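Structure file target-v4.pdb with PDB, C-alpha atoms:
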```pdb
ATOM      1  CA  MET A   1       0.000   0.000   0.000
ATOM      2  CA  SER A   2       2.736   2.449   0.962
ATOM      3  CA  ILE A   3       4.744   1.521  -2.125
ATOM      4  CA  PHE A   4       1.490   1.687  -4.081
ATOM      5  CA  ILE A   5       1.071   5.287  -2.926
ATOM      6  CA  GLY A   6       4.678   6.019  -3.848
ATOM      7  CA  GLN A   7       4.343   4.629  -7.357
ATOM      8  CA  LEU A   8       0.995   6.381  -7.832
ATOM      9  CA  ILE A   9       2.625   9.701  -6.925
ATOM     10  CA  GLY A  10       5.470   8.891  -9.303
ATOM     11  CA  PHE A  11       3.006   8.172 -12.096
ATOM     12  CA  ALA A  12       1.235  11.454 -11.368
ATOM     13  CA  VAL A  13       4.572  13.242 -11.740
ATOM     14  CA  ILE A  14       5.271  11.401 -15.001
ATOM     15  CA  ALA A  15       1.858  12.314 -16.401
ATOM     16  CA  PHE A  16       2.345  15.945 -15.405
ATOM     17  CA  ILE A  17       5.706  16.009 -17.186
ATOM     18  CA  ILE A  18       4.209  14.429 -20.303
ATOM     19  CA  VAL A  19       1.249  16.803 -20.528
ATOM     20  CA  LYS A  20       3.384  19.857 -19.751
ATOM     21  CA  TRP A  21       6.356  19.258 -22.045
ATOM     22  CA  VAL A  22       5.595  16.316 -24.384
ATOM     23  CA  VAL A  23       1.915  16.554 -25.356
ATOM     24  CA  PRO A  24       2.211  20.109 -26.779
ATOM     25  CA  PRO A  25       4.924  19.364 -29.372
ATOM     26  CA  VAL A  26       3.326  16.062 -30.399
ATOM     27  CA  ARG A  27      -0.062  17.735 -30.811
ATOM     28  CA  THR A  28       1.648  20.433 -32.865
ATOM     29  CA  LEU A  29       3.223  17.796 -35.109
ATOM     30  CA  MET A  30      -0.107  16.026 -35.612
ATOM     31  CA  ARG A  31      -1.883  19.288 -36.443
ATOM     32  CA  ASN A  32       0.954  20.196 -38.810
ATOM     33  CA  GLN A  33       0.639  16.915 -40.698
ATOM     34  CA  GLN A  34      -3.157  17.181 -40.812
ATOM     35  CA  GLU A  35      -2.998  20.748 -42.122
ATOM     36  CA  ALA A  36      -0.355  19.803 -44.692
ATOM     37  CA  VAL A  37      -2.412  16.913 -46.054
ATOM     38  CA  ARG A  38      -5.600  19.000 -46.004
ATOM     39  CA  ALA A  39      -3.846  21.754 -47.953
ATOM     40  CA  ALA A  40      -2.530  19.173 -50.412
ATOM     41  CA  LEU A  41      -6.072  17.876 -50.928
ATOM     42  CA  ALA A  42      -7.469  21.384 -51.416
ATOM     43  CA  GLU A  43      -4.666  22.286 -53.823
ATOM     44  CA  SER A  44      -5.385  19.123 -55.808
ATOM     45  CA  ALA A  45      -9.058  20.103 -55.941
ATOM     46  CA  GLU A  46      -8.266  23.601 -57.195
ATOM     47  CA  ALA A  47      -5.790  22.168 -59.708
ATOM     48  CA  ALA A  48      -8.551  19.934 -61.071
ATOM     49  CA  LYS A  49     -10.859  22.955 -61.228
ATOM     50  CA  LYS A  50      -8.198  24.876 -63.156
TER
ATOM     51  CA  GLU B   1       1.784  10.420 -53.763
ATOM     52  CA  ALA B   2       0.109   9.838 -57.127
ATOM     53  CA  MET B   3      -2.412  12.560 -56.282
ATOM     54  CA  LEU B   4       0.309  15.102 -55.511
ATOM     55  CA  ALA B   5       2.319  14.231 -58.623
ATOM     56  CA  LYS B   6      -0.828  14.348 -60.759
ATOM     57  CA  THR B   7      -1.727  17.730 -59.273
ATOM     58  CA  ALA B   8       1.686  19.192 -60.082
ATOM     59  CA  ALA B   9       1.362  17.782 -63.597
ATOM     60  CA  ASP B  10      -2.169  19.204 -63.710
ATOM     61  CA  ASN B  11      -0.992  22.724 -62.918
ATOM     62  CA  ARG B  12       1.848  22.513 -65.442
ATOM     63  CA  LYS B  13      -0.267  20.962 -68.196
ATOM     64  CA  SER B  14      -3.170  23.354 -67.626
ATOM     65  CA  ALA B  15      -0.909  26.395 -67.921
ATOM     66  CA  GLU B  16       0.906  25.145 -71.018
ATOM     67  CA  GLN B  17      -2.380  23.970 -72.546
ATOM     68  CA  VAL B  18      -4.069  27.340 -72.030
ATOM     69  CA  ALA B  19      -1.080  28.868 -73.799
ATOM     70  CA  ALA B  20      -1.354  26.243 -76.547
ATOM     71  CA  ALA B  21      -5.066  26.931 -77.042
ATOM     72  CA  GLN B  22      -4.380  30.655 -77.386
ATOM     73  CA  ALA B  23      -1.575  29.948 -79.861
ATOM     74  CA  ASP B  24      -3.868  27.634 -81.836
ATOM     75  CA  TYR B  25      -6.501  30.372 -81.981
ATOM     76  CA  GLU B  26      -3.904  32.765 -83.367
ATOM     77  CA  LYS B  27      -2.712  30.113 -85.827
ATOM     78  CA  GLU B  28      -6.241  29.585 -87.143
ATOM     79  CA  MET B  29      -6.701  33.346 -87.426
ATOM     80  CA  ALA B  30      -3.465  33.665 -89.400
ATOM     81  CA  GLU B  31      -4.365  30.772 -91.695
ATOM     82  CA  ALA B  32      -7.802  32.229 -92.434
ATOM     83  CA  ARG B  33      -6.297  35.666 -93.039
ATOM     84  CA  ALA B  34      -3.740  34.200 -95.443
ATOM     85  CA  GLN B  35      -6.507  32.370 -97.288
ATOM     86  CA  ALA B  36      -8.491  35.604 -97.608
ATOM     87  CA  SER B  37      -5.453  37.520 -98.845
ATOM     88  CA  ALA B  38      -4.704  34.806-101.400
ATOM     89  CA  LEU B  39      -8.284  34.894-102.690
ATOM     90  CA  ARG B  40      -8.149  38.667-103.071
ATOM     91  CA  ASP B  41      -4.725  38.556-104.736
ATOM     92  CA  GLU B  42      -5.703  35.936-107.300
ATOM     93  CA  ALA B  43      -9.018  37.692-107.954
ATOM     94  CA  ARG B  44      -7.285  40.987-108.695
ATOM     95  CA  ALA B  45      -4.703  39.200-110.851
ATOM     96  CA  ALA B  46      -7.508  37.613-112.872
ATOM     97  CA  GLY B  47      -9.151  41.014-113.214
ATOM     98  CA  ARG B  48      -5.898  42.538-114.449
ATOM     99  CA  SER B  49      -5.590  39.726-116.983
ATOM    100  CA  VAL B  50      -9.160  40.317-118.181
ATOM    101  CA  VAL B  51      -8.638  44.054-118.593
ATOM    102  CA  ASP B  52      -5.357  43.539-120.449
ATOM    103  CA  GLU B  53      -6.970  40.973-122.755
ATOM    104  CA  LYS B  54      -9.977  43.127-123.583
ATOM    105  CA  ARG B  55      -7.865  46.263-124.070
ATOM    106  CA  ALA B  56      -5.606  44.355-126.465
ATOM    107  CA  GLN B  57      -8.635  43.094-128.382
ATOM    108  CA  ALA B  58     -10.109  46.598-128.581
ATOM    109  CA  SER B  59      -6.797  47.961-129.864
ATOM    110  CA  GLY B  60      -6.594  45.230-132.498
TER
END
```

Please express what this file holds, its structure, as structure tokens.
Amino acid sequence: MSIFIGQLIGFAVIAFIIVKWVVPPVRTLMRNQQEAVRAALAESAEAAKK
Amino acid sequence: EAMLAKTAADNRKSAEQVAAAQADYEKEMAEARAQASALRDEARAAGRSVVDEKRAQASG
């Protein structure tokens, strides 16, 4: 139980670190890829229109 | 990947093909103009021949 509390606190610290300093850049990368592919699709559509 | 390559080719081909259509329009215009000029030239040459012939006959 005591070690369970210790490891739970450790996991809370790990999750805080991840959300603070790891989630933001990864979310940015995912949004960047999604925007890039969306722009590629839209540019293909306008090329077909042209 | 095929979509992106085809889109780049689409932009290139559309631009060059618009230019080609305009050039073909101008080519047809030039050909028709040359045909018209040739008709007028040969018509006036035939007229000149007719006038020369009939003047020569009148003189004779």

Practice task
Check the smallest atom-to-atom distance from each of B:45, B:54, B:8, B:1 to residue 44 (chain A) using only C-alpha atoms, then report the winner.
Solution key: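 Looking only at the distances to residue 44 (chain A), the closest residue turns out to be B:8.
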
Handout entry: chain B residues near chain A (9 Å cut-off, all atoms listed in the file) as a ChimeraX atom specification
Key = /B:3-4,6-8,10-11,14-15

Exercise for the section: Work out how far CA of residue 23 (chain A) is from CA of residue 38 (chain A), in Å to one decimal. Expected result: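 Spanning CA of residue 38 (chain A) to CA of residue 23 (chain A) is a straight-line distance of 22.1 Å.
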
Handout entry: Interatomic distance (Å, one decimal) between CA of residue 2 (chain B) and CA of residue 29 (chain A)
Key =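 Taking CA of residue 2 (chain B) as the start and CA of residue 29 (chain A) as the end point, the length is 23.6 Å.
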